[PDB]
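In the numbering used here, the protein residues as written are 1261 to 1562.
Just so you know, even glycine gets a beta-carbon here, dropped at the ideal spot from N, CA and C.
Remarks on the structure that follows.
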Ligand code: NA
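Laid out in structure tokens, this is it:
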């Protein structure tokens, strides 16, 4: 069976220019606004805990599978550290499922999970938590709420729909409300994201005997309007494949399928043609749809 591709872009590095690097940010006073969390320039590729440049209030650590923050006793609270773990380029108006493990959460740390813009691979990148609604709709954490809270440790699932095309990020936020009395660590690991978009459905099909042009009107029960990536297969009543087409970005109804001259000539009056739609990214396949070939209702000629 065909599995959807993992669309994470997490190579386990702070090296800003490196492909798959992750963003690192902070917010003094734990406000809506975050700026880039600088670390000593000579140490950006070094494994282990990396100090917040000069101030050393927070340390951060990344490796092939995990990303973590440490709050020191010198932290001025409230204070928040956030990471951005980038995805590959996403399709506009597709549905995605992020999974990861919430590792250790020290006593005193509260956590939030958001969707955001991708980390833009600059040391002056910035973001606002409240920018989430510019990039994603319908964000849902299974069994939990967004906003800073204490959370159970274990597997997490977050689903959302994109509002734009392009890479995005999972934003992993944590904060302390009071000054730490010892090192407080929080870890996140084993990040994955897959496309879970449902394929569109056939609303209506128009085909006439001897006519090469087939017009298929698509619909979506769950409100999708960008049918990009759906693979439409059209078959005759004998189950023989006639044509396959892939829907392009924001392609409007009706979707045209052009038959060969022999195929058009072979269509029978009232023939039940079959349509099967495969979502190429999520790998989900629709139910079989059927429609009849008709007689062109165009005006008679004499
Ligand atoms: Na929700």
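Nearest in C-alpha terms to residue 1269, of all of 1402, 1453, 1286, 1417, is 1453. For residue 1409, the Cβ stays outside the 7 Å cut-off from all heavy atoms of the ligand NA. When the Cα atoms are used, residue 1425 and residue 1365 turn out to be separated by approximately 33 Å.
A distance of 8 Å or more separates the beta carbons of residue 1440 and residue 1490.
According to the DSSP secondary-structure assignment, residue 1396 is paired through a beta bridge with 1422. Annotation: the stretch 1322-1398 contains the following complete segments of the alpha helix (DSSP H) (minimum length 4 residues), in chain order: 1392-1395. Every residue with a CB closer than 6 Å to a heavy atom of the ligand NA is listed here in chain order: 1399, 1400. Unbroken beta strand (DSSP E) runs of no fewer than 3 residues, entirely contained in the stretch 1483-1510, are found at 1490-1495, 1501-1506, following chain order. For the pair of segments examined, the stretch 1300-1320 was found to touch the stretch 1328-1336: the number of CB pairs separated by less than 8 Å reaches three. In this structure, residue 1371 lies away from residue 1465, with their beta-carbon atoms at least 8 Å apart.
In this structure, the straight-line span from the alpha carbon of residue 1367 to that of residue 1446 is close to 10 Å. Annotation for residue 1410: no beta strand (DSSP E) segment contains it, and DSSP assigns it neither H nor E.
Out of 1304, 1443, 1554, 1480, the CA that lies nearest to the CA of residue 1513 is found in 1480. Considering only 1522, 1503, 1525, 1527, the residue with the shortest C-alpha distance to residue 1516 is 1503. For residue 1525, the enclosing alpha helix (DSSP H) begins and ends at 1521-1526. Around the beta carbon of residue 1538, 16 or more other beta carbons lie within 10 angstroms, which makes this residue buried. For residue 1301, the closest of 1313, 1448, 1293, 1292 by C-alpha to C-alpha distance is 1313. A straight line joining the alpha-carbon of residue 1449 with that of residue 1472 spans about 53 Å. Secondary structure note for residue 1283: its beta strand (DSSP E) is the uninterrupted segment 1283-1288.
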